[PDB]
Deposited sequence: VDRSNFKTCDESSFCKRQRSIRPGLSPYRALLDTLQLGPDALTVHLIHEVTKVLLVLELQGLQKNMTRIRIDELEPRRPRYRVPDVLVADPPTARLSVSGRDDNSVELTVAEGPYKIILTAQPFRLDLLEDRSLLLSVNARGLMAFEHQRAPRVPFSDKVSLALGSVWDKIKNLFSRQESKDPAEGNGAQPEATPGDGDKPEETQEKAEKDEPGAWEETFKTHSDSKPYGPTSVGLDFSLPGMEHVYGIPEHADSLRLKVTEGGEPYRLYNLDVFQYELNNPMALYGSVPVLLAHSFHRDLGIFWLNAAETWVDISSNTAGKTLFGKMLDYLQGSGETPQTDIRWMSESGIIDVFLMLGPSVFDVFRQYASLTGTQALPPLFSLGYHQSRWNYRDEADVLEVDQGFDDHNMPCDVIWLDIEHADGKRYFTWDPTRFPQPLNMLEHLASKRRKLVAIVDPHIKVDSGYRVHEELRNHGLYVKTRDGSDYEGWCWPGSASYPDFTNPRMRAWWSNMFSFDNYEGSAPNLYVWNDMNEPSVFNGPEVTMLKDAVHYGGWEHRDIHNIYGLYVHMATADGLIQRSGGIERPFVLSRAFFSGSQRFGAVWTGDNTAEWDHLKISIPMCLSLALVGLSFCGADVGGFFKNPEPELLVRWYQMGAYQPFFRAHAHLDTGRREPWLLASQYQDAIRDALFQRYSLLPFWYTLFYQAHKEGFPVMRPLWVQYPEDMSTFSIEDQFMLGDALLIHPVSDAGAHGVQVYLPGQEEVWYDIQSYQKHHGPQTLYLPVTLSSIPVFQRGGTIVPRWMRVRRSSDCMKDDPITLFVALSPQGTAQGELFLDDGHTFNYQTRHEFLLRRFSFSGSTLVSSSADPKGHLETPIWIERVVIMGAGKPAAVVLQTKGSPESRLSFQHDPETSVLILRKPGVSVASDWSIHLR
């Protein structure tokens, strides 16, 4: 990384102004005589004692244990930005009642208790409690700072330069900031995207964490520099409680973290807009996940193929290369769902076009991939070549839909096609235009098996400050780029996803991968960690990075398998395939200057290890699909830190070399060259874990030193769970999506287990528009395995049947009896290993749509 190309806090004048304020007595005071209380909100004027600037505080109790604090100017020169399209609904309120009052304090009860809010007038403070437990304080260190809008036109407050880029800053200083205290909290997480540790570090002696969507070439590890996406959500965990803070601001934001009986203080500093903050009071982490999902929505249900393996590089040469890659997977018995086309596929980086030598017949190439039951992904970026012969440019220029400069002209920056303009994705008409461009009549050469990749959507501008758009560029409604920056990428993602839904007449689920993101991006598809490097520490950082995304609702995360930059040695490539195989978004991608790394190009030992990782992922597709359905329905993360499943185990709070998939699998991928074993922490008092390869049972809590070879992927199934698998691994997920299921029943020490399974057609909205799906609950206790409906609304005509049951931790029965409505009682044959206590039930033969029971006699 070239750090001189990106601003430190000292080089961002508003960060320097905000951060220079040190802890002390706040000059802000609430004017209690102005207090007004209604059923939805409490409002009260706040005044700065020196400048006499009046602000309005709008304080609200909300349903589901949240509180909303909104601060804005009482009489501004012009309106301040308020983030649109991120919140999915107007949050339902909870009534605040005055239960205490004096000349400097008002105590407010939320609904019928137990939550309370104490508003102190002088100095202005808010305290949030549950009964007598102080949860959080606001402005406790007096760091609230609201720069009021001055008459439009010390150092850098108005016109400001960074390198050679001048920001005319017509509205001058307008930054907003506020501090929060978390008594009892020592561990905080989230605020992606940073190539840094899952447990966030104190920022006191260095830089704050930065949230500003940027294209950072050769980004480095364990530092707080802003990367491509920004989710202004912070989670706090302790043995006692979970809490979250959601700072709804789309402008450049800096976050300071300081630790102090234990307490963590958080400070948010934003360039513009209002103070709009949600306090999510839990008490469990699952309550915080539900709270946050009620505000910004849940993860879009991925079409099944998109949870398969993706093969990419910059670039496949032409149609012949695409078809050789396709044939290579089948000739080497390696499954793959999708082949990707990076920017060299288009006519000189004019998006929605095809290079007429490389891709003369795109429909024919798509028909060939469709005959193999595979898909293709084409890159579409939000920069349009300035070219009068390019139809997209002409229409966008003609209809004024580009982002403008202050003089009214279309902003022209430099990107992949040379001179390019930037569509204004904040304009709803531009998003409508973009979505209609995905129609099969407009995007010539596209077909229902072509999906999309949105890249460079920060936006990346090669000749712009920090490789992005000028701060004073103008958007829809007259808002400056500084006001909207962090939602620009989310808007590109949203409009592309809508384009894929629309072209099908609202039937097909989209698949869109986006580089830039914000709060709410989980509703539009997948994200990835950008331009990583073919190095062991970048393989290791993929866990904390995707975990930091999972905690803040972005469940469909991954990193480039093999690393984007440079050539991975074959052992690193194998280990990356094994890591990637157990991460939500699974794609191999590589930079323009790298050697080819399709997995069959390596020596047979490496190919074999990679094929094994691929087979493992494909067999687990029903499990992955069910976790994603639960993320879609509940807002629960797919990939989880161990502390989410073990909230009282203080030794799990910073673990980032291990993770869980739901409540059932614990994964410790090998992440060091020459490793002959791994130290696996298996938590849970009175918990058992089964090594999924050997079936060896291990009791928690313990650190096990496990031996590994090149082909090893340390995976453990938790006792108490049932994991569904497709054991007939075929070439793509479309080939497997009507196949029979094998249930893996891992018995707890109490001899019990449960697990769900979600199934539908694999790709439409029929599950929601027609309730065409199945949600089954498998449960084991005593000596009986039962299948019942977890959602009776869902029905599906399907040939899927239960071909096998593998029970771990069971003794040898005398007889196995299956019962199901409409069939005579059945006797199953079985095989049992007394050394591992593994029982295999042969061919139950029953429909996955039916209720049934298997009794071990």
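Participant: According to the record, which stretches of the deposited sequence lack C-alpha coordinates?
Facilitator: No coordinates exist for the deposited residues in 154 to 211, 319 to 337, so these stretches are absent from the model.
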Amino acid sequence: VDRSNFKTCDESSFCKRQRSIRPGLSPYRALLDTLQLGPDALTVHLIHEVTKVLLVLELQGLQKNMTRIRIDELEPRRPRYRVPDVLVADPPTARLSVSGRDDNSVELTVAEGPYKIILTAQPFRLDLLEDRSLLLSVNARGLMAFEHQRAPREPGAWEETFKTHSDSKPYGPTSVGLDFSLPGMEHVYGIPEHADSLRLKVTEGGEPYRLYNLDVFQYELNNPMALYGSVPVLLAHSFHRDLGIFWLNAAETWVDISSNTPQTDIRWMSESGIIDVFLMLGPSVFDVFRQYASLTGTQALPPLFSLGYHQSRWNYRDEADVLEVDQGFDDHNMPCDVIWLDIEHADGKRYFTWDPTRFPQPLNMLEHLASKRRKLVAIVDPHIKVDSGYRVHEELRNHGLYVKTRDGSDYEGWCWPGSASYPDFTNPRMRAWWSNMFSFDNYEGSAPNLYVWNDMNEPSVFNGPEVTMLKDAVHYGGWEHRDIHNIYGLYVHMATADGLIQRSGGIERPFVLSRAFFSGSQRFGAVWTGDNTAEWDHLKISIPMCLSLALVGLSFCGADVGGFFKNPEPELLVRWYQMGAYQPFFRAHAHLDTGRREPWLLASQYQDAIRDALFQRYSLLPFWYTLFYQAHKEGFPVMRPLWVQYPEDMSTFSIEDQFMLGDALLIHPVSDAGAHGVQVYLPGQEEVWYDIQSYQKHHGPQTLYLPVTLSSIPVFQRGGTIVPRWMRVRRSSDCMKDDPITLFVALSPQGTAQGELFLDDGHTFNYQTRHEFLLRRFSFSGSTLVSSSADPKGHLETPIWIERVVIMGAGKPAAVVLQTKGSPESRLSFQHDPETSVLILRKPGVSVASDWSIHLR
From here on, numbers count along this sequence of modelled residues.
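Throughout, rigid core stands for the largest set of C-alpha atoms superposing within 1.5 Å between the two forms.
Participant: Which segment is farther from the shown form on average in 4 other deposited structures of this protein after a rigid core fit, 407 to 415 or 122 to 130, going by CA atoms?
Facilitator: Stretch with the higher C-alpha RMS distance in 4 other deposited structures of this protein: 407 to 415.
Participant: Quick check: 566 to 574 versus 403 to 411, which has the larger average CA B-factor in the record?
Facilitator: For C-alpha atoms only, the mean B-factor is higher in 403 to 411.
Participant: Taking the mean of the C-alpha B-factors per stretch from the entry, tell me the winner out of 128 to 136 and 351 to 359.
Facilitator: Of 351 to 359 and 128 to 136, the stretch with the higher C-alpha B-factor average is 128 to 136.
Participant: From 77, 493, 375, 482, pick the one with the largest CA B-factor in the entry?
Facilitator: 77 has the highest C-alpha B-factor of those listed.
Participant: Between 488, 416, 162, 212, which one tops the list for C-alpha B-factor in the PDB entry?
Facilitator: Of the options given, 162 has the highest CA B-factor in the PDB entry.
Participant: Quick check on the deposited entry: does the C-alpha B-factor of residue 800 sit in the lowest, middle or highest third of its chain?
Facilitator: According to the entry, residue 800 has a C-alpha B-factor in the chain's lowest third.
Participant: How does the C-alpha B factor of residue 690 compare with the rest of the chain: lowest, middle or highest third?
Facilitator: For residue 690, whose C-alpha B-factor we compare with every modelled residue in the chain, the answer is the middle third.
Participant: Name the third of the chain's ranked CA B-factors that contains residue 82, choosing lowest, middle or highest.
Facilitator: Lowest third, going by the recorded CA B-factors of the chain.
Participant: Among the modelled residues of its chain, does the C-alpha B-factor of residue 193 lie in the lowest, middle or highest third?
Facilitator: Lowest third, going by the recorded CA B-factors of the chain.
Participant: Taking the entry's C-alpha B-factors for this chain, is residue 151 in the lowest, middle or highest third?
Facilitator: Within its chain, residue 151 is a highest-third residue by C-alpha B-factor, going by the deposited values.
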